[PDB]
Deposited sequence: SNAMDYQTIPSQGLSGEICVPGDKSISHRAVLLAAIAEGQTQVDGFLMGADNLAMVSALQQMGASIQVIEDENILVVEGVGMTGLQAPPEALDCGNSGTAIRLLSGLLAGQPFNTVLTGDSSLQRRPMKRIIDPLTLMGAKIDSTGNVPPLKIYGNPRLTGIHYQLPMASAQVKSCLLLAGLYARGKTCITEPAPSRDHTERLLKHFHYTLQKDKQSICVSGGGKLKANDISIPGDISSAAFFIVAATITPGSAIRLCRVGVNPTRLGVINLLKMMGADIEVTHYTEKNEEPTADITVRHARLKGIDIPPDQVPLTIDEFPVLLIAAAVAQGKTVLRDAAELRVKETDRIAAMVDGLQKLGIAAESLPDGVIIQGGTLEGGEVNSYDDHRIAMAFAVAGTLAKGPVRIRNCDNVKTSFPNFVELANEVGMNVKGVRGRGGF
């Protein structure tokens, strides 16, 4: 039977907590380690449903991966570029868009056939953005309506291409870069606007040769095993940053959070809105830092377009900050929100309205009038970020907030409840319905 989250207001957040590992880096780290030469130890690996689904898919194809769940460690025995074997069944990517799209680039150049699918939500997510450029490289992929299930007819004779991406997308950049490694010649990717660069950084880590305003790679190289340490996901920290910002009497520090510039959006915008956030204890191994957050009053803002891409996954929780800020906040150029786990614009607008916030939808964003969150009930729409965003909303709401169906929070933040309660934000898992 289902599980829901139930909150009561917070009298202030307090403490030091280390959020778990970065989802984005975790996906790439395990996929690259799998086809490298040698043994790679991965610390800080995110033991969430999405990342574990990536592991599981790789295992269907003969990757040698040892999962040590309680310590967030993976031990990967590389099988080399050509070491994978044809799986017997369709690869279940669960709820993970990153897995299915990155796997597609890895499997495009294989000498075997693969069927990629997932859960209902994943079967509604768009794939044209990868199918077209892969097809230019020589890939043949079958799909009804440019959505999974995808059937890849492996082609070991893929050829490189130069390609400009229509919109900024790390997933597409990463997909092509992977297929690039198995393609004859150079593959050059040019972005109109920078997207997160984790792939590029891991490729350098595994000593694969990389060129550069666009970035290129030549096929036939080899990845060399090299131990990896994953920093904390700032997307997970985003929930505590917003909560401590909006909840009076709050003072907290978030240890070992990744601070890659292509991920600092939530922080940049909150600051524009009046936030009190201090980055210190800065270090390098992917950049990492300690984030200290204190309560501050906020003013609504017009979200500059250039920040949208770097903050796409943080709008759910940011919109909770806009809801309790003074004045109006307008989000634009965020039509990508509609095509995620769920339509995140529709889902936030509905939740906010149910909690008493004047929130109006736009095809590419929302208009929010800062106001006062009331207690009530909202639906997560099975989306992990919608669920946690509303759990953050509970800290300031006038009354309890019931968020329905929170089983998917583990897709990116398995220990969310435990850490929430530990810093003083009240959230309890309780028997759901249906």
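### Task
Residue ranges with no C-alpha coordinates, please: along the deposited sequence, counted from 1, in order.
Comparing the full sequence with the modelled residues, the uncovered ranges come out as 1, 214 to 215, 289 to 290, 440 to 441.
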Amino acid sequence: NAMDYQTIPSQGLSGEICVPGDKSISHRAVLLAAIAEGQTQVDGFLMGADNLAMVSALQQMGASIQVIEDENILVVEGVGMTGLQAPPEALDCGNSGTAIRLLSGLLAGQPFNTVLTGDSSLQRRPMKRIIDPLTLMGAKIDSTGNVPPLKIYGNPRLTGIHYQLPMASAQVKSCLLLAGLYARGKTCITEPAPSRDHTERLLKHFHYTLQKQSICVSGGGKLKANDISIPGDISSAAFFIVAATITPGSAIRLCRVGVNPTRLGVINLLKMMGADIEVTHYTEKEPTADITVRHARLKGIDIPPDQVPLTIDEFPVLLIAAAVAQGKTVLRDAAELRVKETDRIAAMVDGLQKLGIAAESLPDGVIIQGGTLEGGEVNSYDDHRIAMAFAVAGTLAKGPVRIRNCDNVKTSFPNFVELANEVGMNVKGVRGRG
From here on, numbers count along this sequence of modelled residues.
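### Message
Compared with other deposited entries of this protein, is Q213 missing coordinates in at least a third of those that cover its neighbours?
### Response
Missing in at least a third of the others, so yes.
### Task
Would you determine, from the values in the PDB entry, which of 411 to 419 and 11 to 19 has the greater average C-alpha temperature factor?
In the deposited entry, the stretch with the higher C-alpha B-factor mean is 11 to 19.
### Message
Comparing average C-alpha B factors as deposited, tell me which of 75 to 83 and 303 to 311 sits higher.
### Response
Stretch with the higher mean C-alpha B-factor: 303 to 311.
### Query
Based on the PDB record, which member of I320, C255, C175, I234 exhibits the highest Cα temperature factor?
Highest CA B-factor of the listed options: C255.
### Message
Looking at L107, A359, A244, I141, which one carries the largest C-alpha B-factor according to the PDB entry?
### Response
Of the candidates given, the C-alpha B-factor peaks at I141.
### Task
Determine, from the deposited record, the chain-internal third of the Cα B-factor for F112: lowest, middle or highest.
Its C-alpha B-factor belongs to the highest third of this chain's values.
### Query
Which third of the chain does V430 land in by C-alpha B-factor: lowest, middle or highest?
Tercile = lowest for this residue's CA B-factor.
### Query
Would the CA B-factor of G351 place it in the lowest, middle or highest third of its chain?
Middle third by C-alpha B-factor.
### Query
Lowest, middle or highest third: where is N226 by C-alpha B factor in its chain?
CA B-factor rank for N226: lowest third.
### Message
Ranking every modelled residue in this chain by its Cα temperature factor as given in the entry, which third contains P88?
### Response
Tercile = middle for this residue's CA B-factor.
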